[PDB]
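All Cβ positions, even for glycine, are placed from backbone atoms using ideal geometry, and neighbour counts span all protein chains on display. Each reported figure results from applying straightforward, stated rules to the coordinates on display, with no laboratory input.
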Amino acid sequence: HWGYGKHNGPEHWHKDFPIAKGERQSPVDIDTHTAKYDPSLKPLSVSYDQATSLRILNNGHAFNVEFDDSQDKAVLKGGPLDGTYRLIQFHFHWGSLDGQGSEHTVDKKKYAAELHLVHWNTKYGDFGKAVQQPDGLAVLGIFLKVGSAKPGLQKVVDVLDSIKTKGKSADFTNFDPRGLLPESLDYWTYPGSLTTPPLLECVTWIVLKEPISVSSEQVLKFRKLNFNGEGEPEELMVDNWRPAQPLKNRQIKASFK
């Protein structure tokens, strides 16, 4: 099955998921000189005060922080979006070294990691229905650079030792995702896809301009996770990013001048 190695990584995914070669794949390189300012775009509304995290999971690719999405508790609206999108999970992509790890790039610059906050359009009732629609998901993408520690990340880092290997989960209640956001909500937006199989072309991407800072020690803990299951040969969970895909017939729009 799919992964990030030489024999199962991104260049192979098209054989089981032919949309990998589709017209609206993600991630992409954001060329800052050609993204146009769109004064028609709104400020993004991120309303995470009532978010209810439940659990953290090592799914063998990354780890997922899961939320209760059975009510409008943690929602994204505004920006480029019509209607209301409910938070279901967040996860990260990261590198073996600080010079790689992000999925999106900015003028070909790779960040050390990228955080994806995944939200589904409430008009489709559930996540599984949403991913079948071109406007089903909104993903907030946030770059990570290595510098100062991010205090709001430490609770996640703390728990990783308990979910080392594929299939392990742990209770992860009362975690506040607001502590993962940068100061500014300036963004770029474009239509794309999930960045892991099944690569469905159901996402409005909202990529924040301002990265967050995390410490080297925080990142290093991500790189101690394992892609393998318990008692199998150790293969460090690093370099779990898909490279940039062709932009094709798309425009990237900027919320800011």
Estimated FRET transfer efficiency when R0 is 45 angstrom, pair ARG223-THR122 (beta carbons, to 0.05): 0.80
For segment 113-239, the Rg and Dmax computed from alpha carbons only, in angstrom: 16.2, 45
Cross-link pairs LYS108/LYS224; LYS108/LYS155; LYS73/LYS145; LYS42/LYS209 - those with Cα-Cα distance over 20 Å: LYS108/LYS224; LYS108/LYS155; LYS73/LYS145
Chain lengthening between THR173 and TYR37 when straightened (0.36 nm per residue, less Cα-Cα): 45.1 nm
Most mobile of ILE30, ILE142, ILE19 in a GNM of the chain (Cα contacts under 10 Å): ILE19
Nearest-20 debye value, segment 167-256 charge dipole, Cβ charges on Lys, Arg, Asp, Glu: 440 debye
Spatially proximal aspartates and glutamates relative to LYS168 (Cα-Cα < 13 Å; intrachain offsets below 8 disregarded): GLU230
Positive dipole terminus of segment 172-257, leading residue within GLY179, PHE256, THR195 (C-beta point charges): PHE256
FRET efficiency for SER162 and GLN50, using Cβ-Cβ distance with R0 set to 35 Å, rounded to 0.05: 0.85
Cα convex hull volume per residue for the chain (Å³): 121 Å³
